[PDB]
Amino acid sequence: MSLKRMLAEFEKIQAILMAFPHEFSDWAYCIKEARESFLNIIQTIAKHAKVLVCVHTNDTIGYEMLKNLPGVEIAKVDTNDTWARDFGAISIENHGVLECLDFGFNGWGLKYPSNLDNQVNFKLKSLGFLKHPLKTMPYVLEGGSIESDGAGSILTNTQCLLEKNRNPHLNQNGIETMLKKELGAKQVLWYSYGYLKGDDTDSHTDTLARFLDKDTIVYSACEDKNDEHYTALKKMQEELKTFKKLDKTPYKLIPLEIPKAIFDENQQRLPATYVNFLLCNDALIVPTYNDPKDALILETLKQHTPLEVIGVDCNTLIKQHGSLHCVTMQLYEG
């Protein structure tokens, strides 16, 4: 209960927590396509970190697909959806001791059912998959709505944290206080602008602005003044420029232009973003959308990291309004 820190995603990762898609959710419409895509993502991540996949107790087809995958372990646990990033435990370092925090997940502001997602951490712990202390938190918080630099700086936005169906009894100050007490944040970087059409997580920061490293901040941008995102993303860029590290020096900002508009069978725009990447040990796995800009995005990133930049198609994922990072949650071992 004194001097704790939230491990950064770019630190040494033991395994990546995921949840395989099943017929008992929204993936039922294209479950076949869902399985293939996830299988591809899983095999790619497995080459850089162990993978712990939650497979629904009545998901035989899925279990047989992951049963013999190298560097993949299966945990039989039911889920509502595959967004492990938002219901997965948050890992902190309490006085040097590793500790997992089981914050409440209520479906992005009670918009979707989450009776199973919210219990995943508990089940994984009782099943022995989490070899660390699991403390239950009396606050609603998604792992994708916050960003840690691993040194006291927590990046987040008001669009999500101040949403009425999260922690309504608290004010911005009350929420910032819990972030400092529960995550050990010494500085909370707040910004209120920026959004992604088709997204209903209330603008998770992991799709808008994130830490590439201790001194660098990556964010979504748009130059097409004709796109509906231009104005909002520009204001956010201005807000990000006011941020300062704990040493009072400014952050290195790296913009990532959003791909060309993408739509589904119902002509609904999807929230594609290259910001929803995954720092996975020796490799930086970045989402691609079969868009002319993919190649540029990858190269742009190779010039700000010694890590191997690998792209993986996420066109199937965004169909459900979420990308790569939202489907994962890193775990450590100390």
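Quick note: we count residues from 1 along the sequence shown, nothing fancier.
- Between 48-56 and 298-306, it is 298-306 that carries the larger average Cα temperature factor according to the deposited entry.
- In this entry, the higher average B-factor at the C-alpha atoms falls on 258-266, of the pair 258-266 and 148-156.
- Of the residues listed, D202, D81, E182, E223, the entry assigns the biggest Cα temperature factor to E223.
- For the set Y274, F38, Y63, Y29, the maximum C-alpha B-factor listed in the entry falls on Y29.
- Placement of the Cα temperature factor of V327 within the chain: lowest third of the modelled residues, per the deposited record.
- The entry lists a Cα temperature factor for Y219 that places it in the highest third of the chain's modelled residues.
- When all modelled residues of the chain are sorted by CA temperature factor, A232 is found within the highest third.
- In the PDB entry, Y193 places in the middle third of its chain by CA B-factor.
- Among the modelled residues of its chain, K319 has a C-alpha B-factor that falls in the highest third according to the deposited record.
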